[PDB]
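Peer 1: Can you keep this structure in mind? I'll have questions shortly.
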């Protein structure tokens, strides 16, 4: 399951990480179509050149925030689901017919989840510097003549939800670091 | 679960809070897309300047009422879900192998839920003073020249639903205060 | 549950009220988006003044019929759900460790359901006198100059569904009165 | 349930009526939004008069075929659900603490279902004489000047689905008559 | 269930027919709204005559491919559901209180499914000769003056999905013929 | 089920293939309507010729990426579902009244899944050479006069999702090859 447990997860990996993951899922669900639903259609530019709106939008939004967060959530949830599948497979094999391997697998899964969180946060920072979206953008790309003034839709609400998601991801990273440190200390 | 119980919840925290939470959930579901569905598209201004509608809408509606209430509900439901997860974890631990800690955790959860309710109500008051929405708004923000007359969509229905949601949240705050007071009195 | 039972509900409160409630729910579901889906967009007025359509629509439809009926259904279903929750709470308390209190609670719940039905019917009568909707409406409200001719969408179908819902609500009121009278007679 | 059974239903009331009801439900589901989805928006008239399209559509389609069939299905399913609820209530009463009364109740339920089928078919015949829909309609109603040429959307597909639904309803009426006759013969 | 079994179905009627039916269901689900969603709105003609688009579309598409395939699937699934209902009824009757009748019923059901498949394929061939859809169509029907050039939307994707569905239906017909032949041979 | 098991599946066919299949399903679900939803409507060309947009779109997108991936996923999942159905049928037959045949069936199923993956990847390469989509396309097809400049919607996001899906399919092909080799080695 999401942020799955393996009989080795501590309190900060069984109680808090699941809560944060569910919170992110719910926020993404309630903001996926309400806020970013009309990101393309409401996006208009101040020009008479045909086809300038689409090229400007693709220039300033290479990949939307909602879909980037969706990919991040899917890739974060993948290792936990893989660990759960492996545990079920091992149980089935034992029934048809070990703790250290499971412990190391869980540690590697937490490490990979932390790595995915960090790389997705870095990608988000690289694509969209800053936490705020501006109402007006200046675009100079073919076929738009010289520079044109395009207007983004709902910058303030998108900024609020971006702050929420970034804070949640930072909390997830901190909790993953704490979980890794606690497991290492307990093992030694 | 929503407004969860911990074997320590009284009648005013097990029977009434859950009913109010379900009522708020149902109202938000039946008003999320019906009323606020076309808040952006039906919103039009009396100008010929391109891009003025979007900037005016973002100026007068930094974050929509529906999404603000959704975030409030999610953050209110988070502590109860966390407490339920902790209780399940403790039961699993005891099975694999205490009342005062659970009591204090429940008290802290109720306090945090009350705090979230109060802070969200204060934020709603700060963003949107008053309980009523006007049909006509005067907007003077770039690129709109001087002052322009924008028209809101369905102000009366939104006012009615705002009154409903605010009354429900006030009842929730009162019930949380009563629950905290009753628990403190019973403990002492 | 909807029009819930408490081991004290008679034949006219266990068999007929539930059927009527389910009938109203199904009618509202099949008419919520099909008929009232384009109540705002198809609504057009005979003027060139920008922003007159929205103000006219808000003037003649302070709150749509579908959402008014939805609120009525939610508030009618609330007392039954509260009674069911209280019964479950009492059963849990007795298991962890009375008929007259349950009987009085059920009577009060039926009374409150009747009161909500009556008040919502009165509100519907006050907002929309008569059972029929006209195709043409004359509106004289700012910014529309003098009087303008607005045209409602699907008045006949909305009239038919209004007749259905009003008849169902009247049957509900009659059955609630009969249930209260029968319980009073049986008790005495 | 739909076309419910009461331990007294024969082969033509337990096996065939349920199949026909499910067939009608599936046809209505697959034709509700695909065919009649854009009945109002694609409906256009050959005039420059504002507001003529809506009045013409309301004149020629007082209530759409899909919603009429939905109401017919709901009212047909109501007596069976009521009988099932009564049977469950009687079983609960007997457990807490008769065949002829149940038999008469089932007979009355079948009679009422037949009556609803007949009255809805008659209403459909009265509102829409014939089985075919024409592409062109002549409308002379205020505010449209003199006579205007309105164009219906997808008349052929709607005619095909109307034929399907009418044939299914006729089969239902025949089967209900056969069930009543068979029960009367068996009883005597 | 879909392509149901009756303890008499062989390998080619229990393993392969169900797979083909599920494949057709999934293809229809993934192509119902994605491809044929905007068949009417994207359909435009090269004329200034009002109302010509709708009459041309109804002329060239009497009933859409998606809805024709949906009706075919419903009518194919009907006999299997009827047989399953009859088997359940017989089991209930025996519990309350034969193989040859069930065998003959299954044979008749397979024959009727084959007949429905063949008749629907013939109807599809009669309405739409060939397997390919052309981009341009010449339409000469009132009120369009003389001949007009209408343009179909997504002809290539619709051709691909038509080929898929026709191949699947042909495989279904072949498997039904094989099942009937195998049952006849085994019986004799 | 998806990438089903047959008691003969190894670790790389029970744990990893299922994870990759679920990842592809989730990516397709979250990108089906968000990215490719307005592929046709937002697609505009720089011409005044009516009907040129639709013919140009059909020329440059014979079948959309989302539906091609959906067909690929359905055809990949078909053999596993068929194998599961056959296993259930064999279990039912044995209950009513072998390992080598099941092993060979599983091997053939894996081979067919690999073949479908390879053929769909080759088809995708043939239809859309390269991994990137360009903003501007030059189209010269009737009725568009000479060459016209059409503009694609969201090329960068579609490129990102294409890279994701192609990488996932390549991983699936590699894992299928490894599974076949491992089974062959273990058998010999």
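The count begins at 1 with the first shown residue.
Determined via electron microscopy, 3.1 Å.
Backbone N, Cα and C define each Cβ position, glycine as well.
Feature annotation from Swiss-Prot assigns transmembrane segment to F:15-37, F:68-87, F:102-124, F:163-185; the stated evidence is a curator's inference. Annotated topological domain 'Extracellular' per Swiss-Prot: F:38-67, F:125-162, in sequence order.
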Peer 1: If I count Cβ-Cβ pairs under 8 A between the transmembrane segment (F:15-37) and each of F:68-87, F:102-124, F:163-185, which range comes out on top?
Peer 2: F:163-185
Peer 1: So what's near the topological domain 'Extracellular' (F:38-67) in sequence-distant terms, Cβ-Cβ under 8 Å and 6+ beyond its ends?
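Peer 2: Residues packing against the topological domain 'Extracellular' (F:38-67) from afar: 28, 31-32, 124, 127-128, 137, 139, 141-145, 148-154, 158, 161-162, 165.
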Peer 1: Could you count the residues of the topological domain 'Extracellular' (F:38-67) that DSSP puts in helix, in strand and in coil?
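Peer 2: Its residues fall into 12 helix, 2 strand, 16 coil.
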Peer 1: Who are the long-range neighbours of the topological domain 'Extracellular' (F:125-162) in its own chain, taking Cβ under 8 Å and residues 6 or more past its ends?
Peer 2: 27, 31, 35-36, 38-39, 42-47, 49, 51-53, 55-57, 59-60, 62-63, 65, 68
Peer 1: Go ahead and report the DSSP secondary structure tallies for the topological domain 'Extracellular' (F:125-162): helix first, then strand, then coil.
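Peer 2: Secondary-structure composition of the topological domain 'Extracellular' (F:125-162): 11 helix, 8 strand, 19 coil.
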